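Shown next as structure tokens: one chain only, the form deposited in one PDB entry.
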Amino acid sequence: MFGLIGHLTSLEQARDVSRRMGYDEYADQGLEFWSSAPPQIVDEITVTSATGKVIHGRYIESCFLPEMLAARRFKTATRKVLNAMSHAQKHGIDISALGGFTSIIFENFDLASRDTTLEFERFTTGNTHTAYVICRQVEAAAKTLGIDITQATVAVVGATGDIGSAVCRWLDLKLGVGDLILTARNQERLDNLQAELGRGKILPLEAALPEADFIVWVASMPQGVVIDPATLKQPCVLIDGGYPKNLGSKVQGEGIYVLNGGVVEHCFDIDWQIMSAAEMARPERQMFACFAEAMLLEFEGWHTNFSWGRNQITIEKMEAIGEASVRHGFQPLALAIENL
């Protein structure tokens, strides 16, 4: 049994999903309502691999709301995630993914540090897979645009994050990228990253972007961030790989292509109503890679926290989850040539 732990996206979207959760669609549901709403298993899921193997999952609604952050209700926000995790476990789910804010939250509040104790091998961030997909997207994109990745330049914004640092290890060792630009907030970690890599030019954001054929956006987007279309190279690909994805609407311009990063398309229809179904071109087949990771671990029978902590993702783990991804019928989302 795999699990997909997710969360609401706005107060209005929660009222949409409200009824299906046993609640009154037209009642007063305030931030305080969803703060006290308990976690619920909400959707039963049956995925069928390309090999023929059938697996079963549960989508667990955590009721976390990004407004709980906005209202500085960080302990309430922490609680939602941990409850959701604890709910997964009591119902005997073997491996669950924390999608969207869920894992960001689990990290920035060191939640590794209720009734019973949580088994962490029962959960995964799905980040190893997310990093793997993001890298297949760079590779794919470069082939599509006629760009030798061996000569090209990739800026990894957030290169010190769990996802970002995994992307750099792969872009270096696997694609053999030409120039790798590192970008992040913490100078110390940027130094330690480039030391492990043996390469990479550390740069501030507004020097990074204009060198880059590919930009891998994988960090908490700062406030007052000016992305000026006009400074970017004229064939440019921006891979929005973090949660939430907002580049699609904050960056627009001729020869600029924004691509949802870390998204996968399955080979067969899946019947569900998940967390970002509304932002997927093809909801019945498209999902976050971190969720798909949870599925790959259950297809393979690897019941462990395959992805966990910060900067632990290794090339070898990325390799293993990658070919599990392919074998079971998952393709990276790709550029859609309606690019005019």
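We call the rigid core whatever largest set of C-alpha positions still superposes within 1.5 Å between the two forms. One-based numbering along the sequence shown.
- Per the record, residue 113 and residue 114 are separated by a gap of 4 to 9 residues from the deposited sequence that were not modelled.
- Between the stretches 74-82 and 185-193, it is 185-193 that shows the larger average CA temperature factor.
- Of the two segments examined, 118-126 and 225-233, it is 225-233 that shows the higher average Cα temperature factor in the deposited entry.
- Ranking 243, 217, 214, 132 by the C-alpha B-factor listed in the PDB entry places 243 at the top.
- In this entry, the residue among 336, 8, 4, 1 with the greatest C-alpha B factor is 336.
- Annotation for residue 306: C-alpha temperature factor in the middle third relative to the rest of the modelled chain, per the entry.
- Remark: residue 47 belongs to the lowest third of its chain, ranked by C-alpha B-factor as recorded.
- Ranked by Cα temperature factor within the chain, residue 300 sits in the middle third according to the deposited record.
- In this PDB entry, the Cα temperature factor of residue 91 sits in the middle third of its chain's modelled residues.
- For residue 32, the recorded CA B-factor ranks within the highest third of the chain. Only modelled residues enter the ranking.
There is another form of the same protein, the form solved in complex with a small molecule; it is not shown, and what comes next is about it.
- A single residue from the set 155, 218, 138, 168 has any heavy atom within 4.5 angstroms of the small molecule in the entry with it bound; that residue is 218.
- Listed residues 239, 95, 163, 84 were compared with the small molecule in the entry with it bound; 163 is the one with a heavy atom within 4.5 Å.
- You can rule out all but one of 76-84, 179-187, 146-154, 193-201: in the entry with it bound, only 179-187 has residues with a heavy atom within 4.5 Å of the small molecule.
- Among heavy atoms of residue 53, none comes within 4.5 Å of the small molecule in the entry with it bound.
- Using a 4.5 angstroms threshold between heavy atoms, residue 106 stays clear of the small molecule in the entry with it bound.
- Contact annotation: residue 285 falls outside 4.5 Å of the small molecule in the entry with it bound, judged by heavy atom distances.
- Contact annotation: residue 303 falls outside 4.5 Å of the small molecule in the entry with it bound, judged by heavy atom distances.
- In a rigid core superposition between the shown form and the other one, 226 is the single residue of 267, 226, 173, 195 whose Cα is displaced by 2 Å or more.
- After superposing the rigid core, the Cα of residue 45 is displaced by less than 2 Å between the shown form and the other one.
- When the rigid core is held fixed, the Cα atom of residue 299 travels less than 2 angstroms between the shown form and the other one.
- Annotation for residue 248: C-alpha shift of 2 angstroms or more between the shown form and the other one, rigid core superposed.
- Panel note: the distance between the CA atoms of residue 86 and residue 20 is larger in the entry with it bound than in this form, the difference being 3 Å or more.
- Annotation for the pair residue 275/residue 285: C-alpha atoms approach each other in the entry with it bound, by 3 Å or more compared with this form.
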